[PDB]
Each structure stands twice: as structure tokens, then as C-alpha cells.
Amino acid sequence: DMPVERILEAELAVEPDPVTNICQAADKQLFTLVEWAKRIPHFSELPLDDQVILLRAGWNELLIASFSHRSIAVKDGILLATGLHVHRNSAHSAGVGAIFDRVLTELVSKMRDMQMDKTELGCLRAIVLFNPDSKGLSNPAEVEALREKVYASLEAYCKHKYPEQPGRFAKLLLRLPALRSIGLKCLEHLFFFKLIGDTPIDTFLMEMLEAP
Amino acid sequence: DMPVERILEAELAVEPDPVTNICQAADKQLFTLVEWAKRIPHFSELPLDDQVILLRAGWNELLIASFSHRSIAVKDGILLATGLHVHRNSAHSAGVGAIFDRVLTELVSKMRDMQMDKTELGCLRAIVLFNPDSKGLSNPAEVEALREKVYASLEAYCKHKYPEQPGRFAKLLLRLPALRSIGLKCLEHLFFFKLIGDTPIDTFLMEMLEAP
Amino acid sequence: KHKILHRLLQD
Amino acid sequence: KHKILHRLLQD
Ligand SMILES: CC1(C)CCC(C)(C)c2cc(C3(c4ccc(C(=O)[O-])cc4)OCCO3)ccc21
Ligand SMILES: CC1(C)CCC(C)(C)c2cc(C3(c4ccc(C(=O)[O-])cc4)OCCO3)ccc21
């Protein structure tokens, strides 16, 4: 069983140079991400190795969806978990304007325009978490089954909460390819920051950047 | 109006070392891709500059979806548009085994398991084509409207053709993030082949690898 | 720029 | 490997 009420509870439970501040917030949220995942139905029941695989595979997308939704009422910028607001101009002045603008135009603005709610956000993150294509999974079919239960619950929720919007479910799912692309580009940047060594990178963030 | 019958017609209309053979097929299909796009409702009505933007943005994903579906009855390999069958072992022996295996496990096998049909394939490709997040679009709202019409028609088609499978529509859309990731990795490889200069790259393929 | 693509979209 | 992550998932 995959009740949307439980997913919502998981979201509510974890709610609290420019690049250096952004990376600091990322490290901080990685700890919170683990607590979030444990609250998602059936995640803690999967074998430990698979739990590790799913988190290492989706942490970028999971964190991006979270700060993007948290920034829906912010104009031309994002709100970091540390409480700091980062404006588009600041990101541009730091050399990461292109990827920052993609987050604003492809995610933040779209979430705002459709008024994506916390339940929907939680379900999309749960779908991202339960990625059956993650390499190394001991039982990909089990993870696929969990993903299917999540999107079945999400579709039911959308039709009941927003009956006047027949395309809302599809619209929500169609933000996932953009999230995937942005997450990959973000990872590339992080690898570069690590390579250059000019940006402080905390221990957990650093660990996520280590080889499998 | 976006009739699924028209999209199906577009698909049917275009139906006919290891890396060098694969790139040759890619160049060949780029010409066919343009003919395919022209057959998709409303595409040719968009301004020429936008038509160019949409094709330059999605050609990788568009071509990958096509040869993946064409290879559904192939065991551990893909069928190129040139008629040549490429086996997983051959791809591995050429140094591109990892990305080849992703195509097989995340796309080909999944299309086969759910028996994705040509109408569904065509609709997914149409959704990929009408990407409103493509940079430079003169009117992103217009492209978004076209995408919405496609997935509305696809959902209607799925519920009518496969009423016993309530999650089929969602399942179809959820193959898009994987397609996006694989397309990006494919592009990276192509840029490297070009950089190294040890693999013949035809004129159209080469043009798609040029800067915006 | 995009010489081939433009010509082919010409129709 | 993945020292921190394993410890945190320990619960
Ligand atoms: C590469 C760089 C600096 C460019 C701009 C954006 C904002 C996309 C970004 C995002 C991340 C982040 C991240 C940032 C902020 C938060 C937060 O405040 O919750 C959580 C995670 O890390 C992992 C994924 O997303 C890290 C680096 C970058
Ligand atoms: C990088 C390399 C050689 C690795 C393996 C795969 C099969 C993914 C691949 C696919 C492509 C291709 C492509 C290949 C075959 C066909 C075809 O036969 O229709 C059409 C396009 O080009 C653009 C997108 O996909 C190009 C290069 C590679």
C-alpha cells in the first residue's frame, strides 16, 4: 500500500562565493534526504545495499525538486535550506548562470504556474527515488512495483483534488525529463568544483561524488 | 487537433568498426527524421527557426526511440536502419558497451515487455519533438500547447485500446527520463568521436554536432 | 548556420 | 565505501 497521506507526512517532516553557499546547503540537505527516504513507505524494508543504490542514483534530482518547490514564491531566484536567498544575478556573477536559469525556467516557474502542491511534489520525489533502472539493484522488479504504486496513488490524488484539470497528472510526470537533465548537468559542475579544488566541499557531498 | 491516426501515419511513412556503422545509420536517419517531423500535425506550421530549434534539441532522443522500438524482436542487440544487426558483444568490443547496455535494458527490453505499439511510439516521439523547454523558441507557449494535445490524444488512445491496463499511459511517459539521460550520454560520445577524428562522421551528423 | 537542416525543412 | 550513507541508513 502506498498512501499519499504518508508521502505528504514525509515532506512535512523534513521541512525546516554563491557556489560555496549552495554546496554547503547541499551537504546539509543530504543528511535530511536520508531521513526523508526512511519515511517513504517500504523504502526502509528494501535491503540496505539497494537503499544505498537508490539514494546514490537520485540524490541530485531529489534535492533539486525540493529546493525548486521551496522557491515557488521567490522571484528570479531560489531559497536555500540555510535560509539564504540566491538571486539569478548572483548565480550568473559566479559562473553558473546557465544551469541556474534552467532551474528557474524549467522547474521553479512551471511548479508555480500550475501551483504544484506538497503532496504532488512528494509523489514525484518518491517516483524519482524508486528508480528501477538504477544499476546494481538486487531486485529491480521490486523497486518497479513500488514506483507503480506511487504513480497510481498520485493519479488518483490528482483526479480527486483537481477534477477540473484532466492533464495535470501528465503535466507533473513530464517535468521529470527536465529534472533528469538538470540533475546530470549539476553533477558535472560538482565534479568540476571538486577537480579544481577552489570550492569547499563538505564530507557527505564529497562522498556522493566518489566512485561506486 | 492532434489525431493519433495522423501520428501513426507519420511513423508508417518513414519505415524502410561497429561505431562507424552506427554513425552511418544515424546520418541516414537524420534525413528521414526531417521528413517524419513534417508529417506530424502542426509542426510545419511553426516558424522555420522554431522547427530548427525543436529538431536540434531532440534529434538524439527521437532517433534513439525509433531504433529501440525497431529492435523489440531482437535478442541482446539493435537493428540499424541500414539493415545491419548489432549485437551487445560487438558494441562492448568497440568500447561503447555501457551505453549500449543502457539502451537494451532501459528502452528496448521495456518496450518489448509492455508491447509498446507504433501509435504509442509515435506519440512519445511527438511529445519529445514538441519540447517547450527548448531554448530560443519564439513562442514556447505554442509548443507547450501542441505537446498537451499529443499527450491528451495518447492517454485517450491507451484507455480505449488497452482498458485493462490503467497504468499504461504513466508507464509510457516514465520512459522519457531514461530516454533523455541516454540521449545526453550518446551526444557526449559523438562529441568525443568527432574530437578524436578516428571515426568517419557524415555531413548531416556533423552539422548536428556544431554549435548553436 | 544549420545549412543542411534549413534546406531540408524548406519542403 | 559509502561510509557516511551506510551509517545514516542504519536507523
Ligand atoms: C552546480 C550548482 C552550484 C549550480 C546551481 C544549482 C542551484 C542547480 C546547484 C544545486 C545544487 C544542489 C542543491 C542546492 C541547494 C539545496 C538546498 O538549498 O536545499 C540542495 C541541493 O545540490 C545537488 C543538486 O542540488 C548544488 C550545486 C549547484
Ligand atoms: C555513441 C553510440 C556509438 C553508442 C551506442 C548507440 C547505439 C546508443 C548510439 C546511437 C546513435 C544514434 C543512432 C543509431 C542508429 C540509428 C538507426 O539505426 O536508426 C539512428 C541513430 O544516433 C544518435 C542517437 O542514436 C549514435 C551513436 C551511438
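Numbering, chain B: per Swiss-Prot, residues 229-244, 263-458 in sequence.
Header lists the method as X-ray crystallography, 1.9 Å.
Using N, Cα and C of the backbone, Cβ positions are placed for all residues, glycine too.
According to Swiss-Prot, the protein has these features:
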- B:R316, B:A327: all-trans-retinoate binding site (BINDING)
- B:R316, B:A327: 9-cis-retinoate binding site (BINDING)
- B:348-368: region 'Required for nuclear export' (REGION)
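Long-range neighbours of the region 'Required for nuclear export' (B:348-368) within the same chain, counting only residues 6 or more positions beyond its ends whose Cβ lies under 8 Å from a Cβ of the stretch, are 232, 235-236, 238-240, 310-312, 314-315, 317-320, 322-324, 334, 400, 403-404, 407, 414, 417-418, 421, 424-425, 427-428, 431. Counted with DSSP, the region 'Required for nuclear export' (B:348-368) comes out as 17 helix, 0 strand, 4 coil. Every protein chain shown contributes to the tally, and the Cβ of B:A327 (all-trans-retinoate binding site) ends up with 19 other Cβ atoms within 10 Å. Separation across the 18-residue hole in the deposited chain, B:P244 to B:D263, is 24 Å (Cα atoms).
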